[PDB]
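S.K.: these are from a larger complex, still in place; more later:
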Amino acid sequence: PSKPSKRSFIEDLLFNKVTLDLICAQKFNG
Amino acid sequence: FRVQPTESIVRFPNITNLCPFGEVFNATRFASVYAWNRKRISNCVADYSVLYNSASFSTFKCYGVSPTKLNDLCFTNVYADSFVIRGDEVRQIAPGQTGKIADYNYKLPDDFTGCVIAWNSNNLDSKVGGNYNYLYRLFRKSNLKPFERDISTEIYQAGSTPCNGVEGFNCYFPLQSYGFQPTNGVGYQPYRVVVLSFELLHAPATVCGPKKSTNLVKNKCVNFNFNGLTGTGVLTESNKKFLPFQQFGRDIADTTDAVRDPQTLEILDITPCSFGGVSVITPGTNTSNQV
Amino acid sequence: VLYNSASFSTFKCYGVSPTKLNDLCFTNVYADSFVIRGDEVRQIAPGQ
């Protein structure tokens, strides 16, 4: 519950090693 | 959700110095094909309206821009090659058109971009004076590359023999002058042509007609036009230092992102204005029409 | 000499290019010589 989103300790070690301007170019070209 | 532009900014070069076009077509002596001239038109306005007034051209073809758009357009470097040819050679001045004799003298780049102009010189270049000062190379051991002129005249070793200085059987003089005749038949009149190499490379444009320089506006996407750059996006100053050279910028999608104005030396940042997407969340029309 | 003998008013071909006519070959050649009007020189064209 420390985080606002009710994640966990091991879920957090995952949401950091992926990480998912260019997006602006794609947004402008449709 | 596409926001249409509000108005139409235009920014062309500053001055309105007429370009010296009257001394291009309407001039006295045109050097022959074996040595043609290079006319570098630089930093002037060229009102092609008189080039629409002065309409006496028999054959007029270009492979780049269209004459409809030649008025509302710009160029960065222009060069003109004025000369004279046969009556049957006016069709030989065309990119890739292999000349039986018109490759030795003057070849056109297959990548050419600009309008060639031709008009009958019967009243000026065909006179009783013989006008044998018009010459053209007839043969050479190699065909020339488009914008190269072999003004050199040497002896031709036809028949594989060194004819050093002497003109004998198969030792001819290459620079055979034009067999013109004052008021000859249609096919043999001297034709006076001139080409124009419109260097449309994206460099600071100089040679083009005048259009209404409208003041800059920020944060308002407008149908602007910088020397043909018919982009429709918002405008802003750009933080990154543009090049002391050309006024155009590019990105990955080859759609200009930052430019520098023709008149003011202020940097511009282009961006297509607010774009999103509607999504009509609708209940069944059999139940309502509110979306 | 067919480049020397250059007095042809209209010269068009739809196959090979005259640039490559020199460094090329053929197996059979046939020529059809005749005379026509002045306005018929444009009529000798495939499909015209």
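M.R.: That came through, no problem. Numbers count the residues shown, from 1 in each chain, chains lettered A, B, ... in the order given.

S.K.: who in the stretch 51-200 of chain B is up against chain C?
M.R.: Within the stretch 51-200 of chain B, the positions adjacent to chain C are B:88, B:91, B:96, B:98-101, B:138-139, B:187 by Cβ under 8 Å from any Cβ of the partner chain. C-beta here means a position set from N, CA and C on the backbone, and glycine is covered the same way.

S.K.: filter these to the buried ones?
M.R.: For those, a burial check counting by 16 or more other Cβ atoms under 10 Å in any protein chain shown picks out B:88, B:91, B:98-101, B:138.

S.K.: any chance you could map the strands in the stretch 101-250 of chain B?
M.R.: B:115-120, B:135-137, B:175-177, B:191-196, B:222-223, B:232-236 (DSSP state E, counting those that start in this stretch).

S.K.: dump those into TSV; add mean neighbour count as well.
M.R.: Formatted as TSV, these follow (neighbours: other Cβ atoms under 10 Å in any protein chain shown):
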stretch	mean neighbour count
strand B:115-120	21
strand B:135-137	22
strand B:175-177	15
strand B:191-196	23
strand B:222-223	18
strand B:232-236	18
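
S.K.: any idea which of the ones you listed gets closest to residue B:264?
M.R.: strand B:232-236 (12.2 Å; Cβ to Cβ).

S.K.: was I right about residue B:273 contacting residue B:221?
M.R.: Yes: in this structure, residue B:273 is within contact of residue B:221 by Cβ atoms under 8 Å, at 3.0 Å.

S.K.: overlap in contacts of these two?
M.R.: Residues touching both residue B:273 and residue B:221 by Cβ atoms under 8 Å, 6 or more residues apart in numbering or on different chains: B:3, B:5, B:232-234.

S.K.: write out the residues of chain A neighbouring chain B.
M.R.: For chain A, the contact set with chain B under Cβ under 8 Å from any Cβ comprises A:25, A:27-30.

S.K.: report the buried members of those residues.
M.R.: residue A:28.

S.K.: select from the residues of chain A next to chain B every entry located in strands.
M.R.: Counting by DSSP state E, none of the members of the residues of chain A next to chain B fall within strands.

S.K.: could you dump the residues of chain A next to chain B to a markdown table with distance to residue B:66?
M.R.: Compiled in a markdown table, the residues of chain A next to chain B are given as follows (distance: Cβ to Cβ, whole Å):
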| residue | distance to residue B:66 |
| --- | --- |
| A:25 | 31 |
| A:27 | 34 |
| A:28 | 29 |
| A:29 | 28 |
| A:30 | 29 |
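
S.K.: now the sequence for chain D, which goes on the structure above:
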Amino acid sequence: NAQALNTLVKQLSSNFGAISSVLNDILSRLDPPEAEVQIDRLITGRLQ
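M.R.: Adding chain D to the chains above:
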């Protein structure tokens, strides 16, 4: 997926045969009956 999208953009910077790669610099040069063939090239390419 990100690389697929990223290679979909760099197809906008392809001549595809036309004398440019952006549709503002074909309608600023050529005329409708002559720019329509260039845009047909570019549009069949981009659609492919």
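
S.K.: now the helices for the chain?
M.R.: Assuming you mean chain A. Under the criterion DSSP state H, helices of chain A are mapped to A:9-12, A:22-28.

S.K.: wait, I meant chain D there
M.R.: Under the criterion DSSP H, chain D carries helices at the ranges D:2-9, D:32-47.

S.K.: comparing those helices, which comes out most buried?
M.R.: Of all the helices of chain D, helix D:32-47 carries the top mean neighbour count, a mean of 14, counting by mean count of other Cβ atoms under 10 Å in any protein chain shown.

S.K.: and chain C, which of the helices of chain D is closest to it?
M.R.: Evaluated over the helices of chain D, closeness to chain C peaks at helix D:32-47, with 20.0 Å, by Cβ to the nearest Cβ.

S.K.: only alpha carbons, please: show that closest one as CSV.
M.R.: What follows is helix D:32-47, C-alpha atoms only, in CSV (Å, rounded to 0.1, in the frame of the first residue of the first chain):
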residue,chain,number,x,y,z
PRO,D,32,-2.9,18.3,-62.0
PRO,D,33,-2.8,16.1,-65.2
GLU,D,34,1.0,15.7,-64.8
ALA,D,35,1.2,15.6,-61.0
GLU,D,36,-1.5,12.9,-60.8
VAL,D,37,0.8,10.3,-62.2
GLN,D,38,3.5,11.1,-59.6
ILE,D,39,1.0,11.1,-56.8
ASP,D,40,-0.3,7.8,-58.2
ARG,D,41,3.2,6.4,-57.9
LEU,D,42,3.6,7.7,-54.3
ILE,D,43,0.2,6.6,-53.2
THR,D,44,0.4,3.0,-54.5
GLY,D,45,3.8,2.9,-52.9
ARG,D,46,2.7,4.2,-49.5
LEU,D,47,-0.4,2.0,-49.6
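
S.K.: next, the angle helix D:2-9 makes with that helix.
M.R.: 170 degrees (axes from the mean of the first three to the mean of the last three Cα atoms, to 10 degrees).

S.K.: any residue of helix D:32-47 up close to chain B?
M.R.: Yes: against chain B, helix D:32-47 shows contacts by Cβ under 8 Å from any Cβ at residue D:34.

S.K.: ok, and what's touching that helix?
M.R.: Helix D:32-47 is contacted by residues B:66, D:11-12, D:14, D:16-21, D:23, D:26-27, D:29-30 when judged by Cβ under 8 Å, 6+ apart.

S.K.: ok, now chain E:
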Amino acid sequence: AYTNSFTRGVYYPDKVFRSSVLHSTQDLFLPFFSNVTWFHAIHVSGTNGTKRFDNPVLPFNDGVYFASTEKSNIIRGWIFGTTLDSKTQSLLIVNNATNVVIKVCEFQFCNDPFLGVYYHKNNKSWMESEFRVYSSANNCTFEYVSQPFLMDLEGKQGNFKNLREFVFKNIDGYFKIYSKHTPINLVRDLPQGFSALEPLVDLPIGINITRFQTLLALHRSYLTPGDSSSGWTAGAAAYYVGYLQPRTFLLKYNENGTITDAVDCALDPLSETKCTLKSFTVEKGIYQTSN
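M.R.: Chain E added:
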């Protein structure tokens, strides 16, 4: 002598901004670490060694790179032409001061492709004497004379601090000269300072260039006991020539907007790997680049 080309051969092919994109350009470049020809025009400091003088004819392929180590503006100009005789035109350049006076006129001095900068006694200092070695008739077509007046020698014997880099590529009767300046440090070779070469001048010349030449400035103080041209012991400038090759480079721009790094596409197979992957991060694994 022969040396290796560390960071030389890159020039903005077409000047656009190109902010921080990894563009892949195909033009005439100079491969890296290749055999660049040193030419040390040192003054022979011994009695036994040969007089080092470097103005030999250099065959001119479709491209030629240049680079001139410099400390006191010794090397000035260049000369071209097919055979450098009355038959073919011969361009030339001169650098007698800050002004850049040039020509295109064929001036035959096959014996003396030299230039004279002799010690003037009147207000004795390093002074310019003979900026004219021309000994033939012009019969020429092009002209250009730039005149910003500032008159410099600043003779010195310190380390070669300056170097100018040039690209003389001609295609279709057009002459293009790219150039960039950089303060070098090392005296014996080309330091590891990377840069690209901005374009400055384009001139239509329509000549089939096949040769190349250079202009050196040789004369010393009058206190030298003998012929200052046959005996000269203050000239030390050197110049490098690299015959440009048809390559396919990959230019890595930066945030500011200039070419920071680049990689060939035939230098090493790893360079071909980066050329195919389109980046400078090649992770572990087998890649398939070409055949």
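
S.K.: how about the nearest residue to residue E:115 once chain neighbours are set aside, what does it touch?
M.R.: Nearest residue to residue E:115, sequence neighbours excluded (Cβ to Cβ, 6 or more residues apart in numbering or on different chains): residue E:217, at 4.5 Å. For residue E:217, the contacting residues are E:74-76, E:114-117, E:235, by Cβ under 8 Å, 6+ apart.

S.K.: closest one to residue E:136 out of these, please.
M.R.: Comparing those against residue E:136 with Cβ to Cβ picks out residue E:114 as the nearest, at 15.3 Å.

S.K.: isn't that closest one right up against residue E:219?
M.R.: No: counting by Cβ under 8 Å, residue E:219 is not a contact partner of residue E:114; they are 9.1 Å apart.

S.K.: now list whatever residues contact both of those two.
M.R.: Counting by Cβ under 8 Å, 6+ apart, the contacts common to residue E:114 and residue E:219 are residue E:229.

S.K.: look at the two and report which has more neighbours.
M.R.: residue E:219 (22 against 16; other Cβ atoms under 10 Å in any protein chain shown).

S.K.: residues near residue B:140, how many?
M.R.: 15.

S.K.: same thing with residue E:67?
M.R.: 23.

S.K.: name every strand pairing with the helix or strand encompassing it and say which way it goes.
M.R.: Assigning secondary structure by DSSP states H and E places residue E:67 in strand E:63-70. Looking at strand E:63-70 with DSSP bridges, its partner strands are strand E:162-170 (antiparallel), strand E:238-242 (antiparallel).

S.K.: which other helices and strands contact the next helix or strand after that strand?
M.R.: Following strand E:63-70 in sequence order, the next helix or strand is strand E:77-81 (DSSP H and E). Counting contacts by 3 or more Cβ pairs under 8 Å, 6 or more residues apart in numbering or on different chains; DSSP states H and E, strand E:77-81 packs against strand E:92-93, strand E:162-170, strand E:211-217.

S.K.: how much space between the residue nearest to residue E:115 and residue E:236?
M.R.: 12 Å (Cβ to Cβ, to the nearest Å).

S.K.: need the overlap of contacts for those two.
M.R.: Counting by Cβ under 8 Å, 6+ apart, the contacts common to residue E:217 and residue E:236 are residue E:74.

S.K.: sweet, I'm off.
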